[PDB]
Structure formats: C-alpha cells, structure tokens
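Taking PDB author numbering, I'd label the letters of the sequence shown as residues -2 to 131.
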Amino acid sequence: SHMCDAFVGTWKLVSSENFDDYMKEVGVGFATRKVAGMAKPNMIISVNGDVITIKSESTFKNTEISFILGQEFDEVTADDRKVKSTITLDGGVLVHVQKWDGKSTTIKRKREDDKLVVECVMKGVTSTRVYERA
Ligand SMILES: CCOC(=O)c1ccsc1NC(=O)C1=C(C(=O)O)CCC1
C-alpha cells in the first residue's frame, strides 16, 4: 500500500463552480471556454511504481499525464498551453503547479469523504470541481 492509493480509480465529474472565471483568468478564449465548460470529464488515476498517470477524458479532449512526484515535466493542457508542471504530495494533497509565459496556476486534488475534490487557482480566482467514483 502506498502514496496515492486513495486516489487510484475512475472518477466522474459531478459538480463544477467558477470554472468559466478560472479559465478567463488563465487566458482561455471564448470558444474553448464554452465547450470546455460543458465537458463532464472522467478522471482516471493509476500508479505503477513511482509513476503516477492521470487521464482526463471528455467529449472535448482525451489527455494524459505521467509523472514522478517532485520531477518537472512538459505538459500540453487541454486548452493548448505548453506548460512546465511539477506535482508533489503535501500532506496527502496532490499539488500540481503549471508555469508558462511568466504565469502560474495551481491545481490541488484531495480525497474528501467519497469524493475527489479538485481546486484550481489562478491569481485570486478559484474553481472547485467535485468528482465521485464512476
Ligand atoms: C483549463 C482548461 O481546461 C480545459 O480546457 C478542459 C477541457 C475539458 S476538461 C478541462 N479542464 C479540466 O477538466 C481541468 C481540471 C479537472 O477537473 O481535471 C483541473 C484544471 C482543468
């Protein structure tokens, strides 16, 4: 048993708050915001040794990242940003920082009751996205 066991599985989005404003702050353009805001992704998390894989699958896009905690990687986001990402575990929370063009956003993923709660912050704007087991 290990680092991220309680994250592993297949999760479905059940609520989203403030995501349009988060995307505006990030710099996402109108048409992507409208279609992305409509998406109801499944999040699929797996672990093999030190490598964590997180997939996001929706009608808009299917994306995948694999990474080792603390080790930076290049990521193309669903909205087509080319970012440098680092993901760590802080007190049982996965903390994912994306850097690009002098900007930064942080995405936290944590287990709360039977939910996986995703909090997305860009300057002063937060979006909260709640997932349940599929
Ligand atoms: C920010 C532009 O996003 C998109 O364009 C987008 C399109 C489908 S799904 C998605 N973004 C997400 O689902 C996100 C999170 C999540 O809930 O995994 C955490 C932060 C983003």
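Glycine residues also receive a C-beta, built at the ideal position from the N, C-alpha and C atoms.
(request) Evaluate contact between the segment 112 to 126 and the segment 17 to 36, counting only Cβ atoms and requiring at least three cross-stretch pairs below 8 Å. (result) Cβ pair count under 8 Å is three or more, so yes.
(message) Less than 8 Å between C-beta atoms, sequence neighbours within five positions excluded: which residues of the same chain meet that for residue 131?
(response) For the purposes of this step, residue 131 is taken as residue 134 along the sequence shown, with counting starting at 1. The beta carbon of residue 131 lies closer than 8 Å to those of 6, 7, 8, 9, 39 in the same chain, with the five residues before and after it left out.
(request) Can you say whether residue 4 is buried or exposed, counting buried as having 16 or more other CB atoms within 10 angstroms of its CB? (result) On the sequence shown, position 7 is the one that residue 4 refers to. With 16 or more other CB atoms across the displayed protein chains lying within 10 angstroms of its CB, residue 4 is buried.
(request) Give a single yes or no on whether residue 104 has its beta carbon closer than 8 Å to a heavy atom of ligand 1. (result) Working through the sequence shown from its first residue, we reach residue 104 at position 107. Answer for residue 104: yes, Cβ within range of ligand 1.
(message) Would residue 31 and residue 55 be called neighbours here (beta carbons separated by less than 9 Å)?
(response) In the sequence shown, counting from the first residue as 1, residue 31 sits at position 34. In the sequence shown, counting from the first residue as 1, residue 55 sits at position 58. No, these two residues do not count as a Cβ contact at 9 Å.
(message) Residues in the same chain with beta-carbon distance under 7 Å from residue 96, minus the five sequence neighbours each way, listed in chain order, please.
(response) Here residue 96 refers to the residue found at position 99 of the sequence shown. Within its own chain, the residues whose Cβ lies closer than 7 Å to the Cβ of residue 96, once the five positions on either side in sequence are excluded, are 80, 81, listed in chain order.
(request) Tell me, to the nearest whole angstrom, how far the beta carbon of residue 103 is from that of residue 92; I am working on the premise that it is less than 8 Å. (result) Taking the first residue of the sequence shown as position 1, residue 103 is located at position 106. Taking the first residue of the sequence shown as position 1, residue 92 is located at position 95. With 8 Å as the limit, residue 103 and residue 92 qualify as a contact, their Cβ atoms being about 7 Å apart.
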